[PDB]
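K.L.:
Shown below is the structure under consideration.
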Amino acid sequence: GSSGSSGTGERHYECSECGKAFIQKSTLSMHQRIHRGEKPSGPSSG
Ligand SMILES: [Zn+2]
């Protein structure tokens with residue numbers, strides 16, 4: 001076999017809440033904030 005696609009370009013910091021992608025880490029934090037806050041119970045039925 002032949003594979004190895006780990007090293008083409010430059011890693012990036014993408015959000016883990018929504019799934020957005022950013023070039024810089026700090027820049028991402030400024031966004032992730034939007035997620036910072038309260039969250040729903042979960043079992044919300046309806
Ligand atoms: Zn996000």
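Chain lettering (A, B, ...) mirrors the order of the structure tokens, residue numbering begins at 1 for each chain separately, and ligand numbering begins at 1 in order of display.
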Might you pull out every residue within 12 Å of residue A:17, with only C-alpha atoms counted and same-chain residues fewer than 5 positions away left off, and present them as a PyMOL selection string?
P.N.:
chain A and resi 28-29+31-36+39
K.L.:
Write down as a ChimeraX atom specification the residues of chain A whose backbone DSSP state falls under strand (DSSP E).
P.N.:
/A:13-14,21-22
K.L.:
I'd like to know which residues of chain A are alpha helix (DSSP H) (by DSSP, run on the backbone); could you write them as a PyMOL selection string?
P.N.:
chain A and resi 25-32
K.L.:
As an exercise, work out the distance from atom CA of residue A:21 to atom CA of residue A:40 in Å and give it to one decimal place.
P.N.:
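Calculated distance between atom CA of residue A:21 and atom CA of residue A:40 is 24.5 Å.
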K.L.:
Which residues, written as a PDB file with N, CA, C and O atoms, in the first residue's frame, have at least one atom at most 10 Å from residue A:24, with only C-alpha atoms counted and residues fewer than 6 positions away on the same chain left out?
P.N.:
ATOM      1  N   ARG A  11      -1.138  23.008  10.019  1.00  0.00           N
ATOM      2  CA  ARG A  11      -2.225  22.763  10.958  1.00  0.00           C
ATOM      3  C   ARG A  11      -2.979  24.054  11.266  1.00  0.00           C
ATOM      4  O   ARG A  11      -2.443  25.151  11.104  1.00  0.00           O
ATOM      5  N   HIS A  12      -4.224  23.916  11.710  1.00  0.00           N
ATOM      6  CA  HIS A  12      -5.051  25.070  12.040  1.00  0.00           C
ATOM      7  C   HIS A  12      -5.926  24.782  13.256  1.00  0.00           C
ATOM      8  O   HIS A  12      -6.173  23.624  13.595  1.00  0.00           O
ATOM      9  N   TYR A  13      -6.391  25.841  13.909  1.00  0.00           N
ATOM     10  CA  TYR A  13      -7.235  25.701  15.090  1.00  0.00           C
ATOM     11  C   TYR A  13      -8.702  25.940  14.742  1.00  0.00           C
ATOM     12  O   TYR A  13      -9.126  27.078  14.548  1.00  0.00           O
ATOM     13  N   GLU A  14      -9.468  24.856  14.668  1.00  0.00           N
ATOM     14  CA  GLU A  14     -10.887  24.947  14.344  1.00  0.00           C
ATOM     15  C   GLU A  14     -11.745  24.719  15.585  1.00  0.00           C
ATOM     16  O   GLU A  14     -11.411  23.900  16.442  1.00  0.00           O
TER      17      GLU A  14
END
K.L.:
I'd like the interatomic distance between atom CA of residue A:22 and atom CA of residue A:3, to a tenth of an Å.
P.N.:
26.5 Å
K.L.:
State, in Å with one decimal place, the distance from atom CA of residue A:20 to atom CA of residue A:4.
P.N.:
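About the pair atom CA of residue A:20 and atom CA of residue A:4: they are 24.9 Å apart.
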